[PDB]
Ligand SMILES: Cc1cc(OCc2nnc(SC3CCCC3)n2-c2cccnc2)ccc1-c1ccc(S(C)(=O)=O)cc1
Ligand SMILES: Cc1cc(OCc2nnc(SC3CCCC3)n2-c2cccnc2)ccc1-c1ccc(S(C)(=O)=O)cc1
Ligand SMILES: Nc1ncnc2c1ncn2[C@@H]1O[C@H](COP(=O)(O)OP(=O)(O)O)[C@@H](O)[C@H]1O
């Protein structure tokens, strides 16, 4: 749930198509940190931007050769981050936090734990 | 009388003996007009109780040769100075009934001298037996077959040319042969319909033909004790119909198997593995490479000979633990239908601690005899780990056991059939000499199973267990991002354990109800949990764990790219 | 431990005896009846091969006895000895915050020893008393200490000690959480 919330927060500004199931992406990210999810979202946005710039440019380059040649239709080749962009991003998905240093954090949390044997403590009735 | 039907086990050395002995015996007149030397002596060796004497008797009966049995201790028990007369008379009598077969059971008693050769009279017996055996004037067709537990137990001069020039290792029967032995030993007891002899055969690993007969007899005796004793109606001869009314049930066989104590479980097993490529879900590049290296030289030896290329006879699997290297080796052996010998790490460690590396010579000889074979050295890095790995001993990577293995491999390749497969979870510490040409040079990396591979592994682990169709396996495999084969097996085992505990607890409570509140009409609702459900798998996965950390996978990736094909030839083009 | 534990020998954890045990276990399971149980106070130094599947894989952690467990241990140790009903055992078990089973056994043994010494000394003096001053009528009052009393247990507990320090319990807790079932699957649900 925290991963889903982080993904939603990162992608709020970016225009994301409703077809992309963000919950599936969050659940597939087994142990990604918030930084890793932000990196994946940034990579997806970068992929979308590169595709949009290349497609619009290559269309304009061909169109500019003949003056007024093709129709004046106002096409948006990529108007939202698509699913393929999210697969493109996940291909480079990385686990920043190794399980050994998570082991160390849980170790320090255990050492900070309130010892043992006082759970059943009860005042005499 | 006894024949090939009586000889069970289908161990495929009886066929070799047949091919050996028909023409010398089945067509004796043929050798009279053709100048050829037949097999003067055949040494059948193997664990006791494997039917060597039975095999010899069956061959003698099926070929018509006069069978003569010279019991080892029968002559040895005779008085000194007249036992030699017994041996000489036995050979003369066998000579008279040409063609004849002389079987020397327990040959390791008449000529046990391994150059130690204690005593005086036994030296006379061994020398006179040598004179007789070498004294066969190639006239008539007497074939001398002898039985011995191991080839090295008998006097070496008996192993020399013309005395016993060819040896056959009958060996322990396998599951298929154990089943056939059970069938032959269970043919007049009117076996019950419930008992199939297949489950017993699979659970009968470690038994020999004598062990199988003893287990069958024990099951029959349990059946006789359970019934027909309560009635206590007995006479001089039990009625045939009354005794036939009983049927040996599966429970009796199960108890007998529990009370078996097989007479040589420790003996090494030479068996065609039953594992198949289906058990491993993937490794297509690895599967094809293994198929090439092993299968191609034999399936198409002519094409290998045409290009003048000698195929590599060694492959070293490296990868994280639990990924299926042993299973892959078994599968490759199964595809080629070649015998599989597995030398696990404990055996190597025992040879190293005991400073007894001559066992490597014995292991290689055994692999050579059972050709085609896939000699697999599982977890070959065990000795290096035992000596260290980070600092280790002051010396280098060389050790006694690996050196002996290298010597045997260098002296190998002559056989053209034995194929060495090595598996190691620590490629960094493995001795470099192991990877030199002529050794296990073809390094194959086994990576963690993929999603599809994980699905296949889960299916293979859960094939026997009753799994409800509701529980989706593809979802579980995909969910496990980096679980190893061992981890998936642990998850499946834990799910099965949870299901078993729940079923036991539930039926136990349900039985209390019947006992606490006796119902007027008995109507069992069957099993409350007949198959493994989604909740069992969810609880089991709750405890799922990744045994293999990503750092050790990183080290394996390093070594893999430590076998890097350069970085400047990728575009090599010939000048044209 | 004999080979070390902190630095040890230059070689790894493998040794002759453990290797033979592993070989026998690998060649075992055929019997279907023998069950191998292993106990170790130093799980960190145990050979990892011992824990591989087909070996002693099921690791079970035995923690220090709880208050109820401590009461049961005290009762078992004192079942044979004559213990006066006055001495409350639940209070003693609860008082022992972290005593091990061995520590409780030592406390019980010390209390019994104190009672035995007191009884011996007392009856010995009482015998002097008849020998020194022969009484006209013999009337033995029986045993001056027939059962273990509160004072004996208080004196014994005065010497009670905790054999097991909290640092070694911390190491065992570390290993226990070193067999940690991950941290991402706790909510695994099938798709439905
Ligand atoms: C023709 C040939 C066959 C061979 O052996 C084939 C073989 N048979 N059973 C087996 S074993 C069994 C199979 C499954 C499990 C193991 N093999 C075998 C050989 C190598 C690797 N794997 C198997 C060797 C070497 C040669 C040759 C190559 C070049 C030349 S020239 C002078 O340059 O023109 C002369 C000779
Ligand atoms: C049925 C079975 C019983 C067994 O053995 C039971 C047993 N008897 N005495 C003992 S020992 C004694 C008990 C107290 C002290 C020790 N045991 C035993 C076995 C294991 C662990 N603890 C005890 C093994 C294995 C199996 C089977 C499981 C699956 C399949 S299939 C092809 O997948 O359908 C085939 C066979
Ligand atoms: N494959 C088999 N088929 C039928 N009987 C067998 C088989 N294997 C072993 N036996 C039993 O083994 C018994 C004695 O073993 P034997 O043939 O003398 O071998 P060995 O001399 O090595 O001990 C025989 O009485 C026979 O019943």
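Residue numbering for chain A follows Swiss-Prot, covering 651-775 in order.
Backbone N, Cα and C atoms are what each Cβ position is placed from, and that goes for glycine too.
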Candidate set A:683, A:702, annotation phosphoserine, source Swiss-Prot, matching residue: A:702
Phosphoserine per Swiss-Prot (candidates: A:718, A:748, A:770): A:770
Swiss-Prot annotation (region 'Disordered') - matching range among A:708-727, A:728-747: A:708-727
Fewest-neighbour residue among modified residues, criterion Cβ within 10 Å, set A:702, A:770, A:775: A:775
Among A:668, A:702, A:770, which are recorded as modified residues, the nearest neighbour of residue A:754 (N6-acetyllysine) by Cα: A:770
Interface-proximal modified residues, chain C, C-beta separation under 8 A, candidates A:668, A:702, A:754, A:770, A:775: A:770
Residue among modified residues A:668, A:754 with least C-beta crowding, 10 angstrom cut-off: A:668
Residues in the region 'Disordered' (A:708-727) grouped by DSSP into helix, strand and remaining coil: 8 helix, 0 strand, 12 coil
Collapsed DSSP category at residue A:702 (phosphoserine): helix
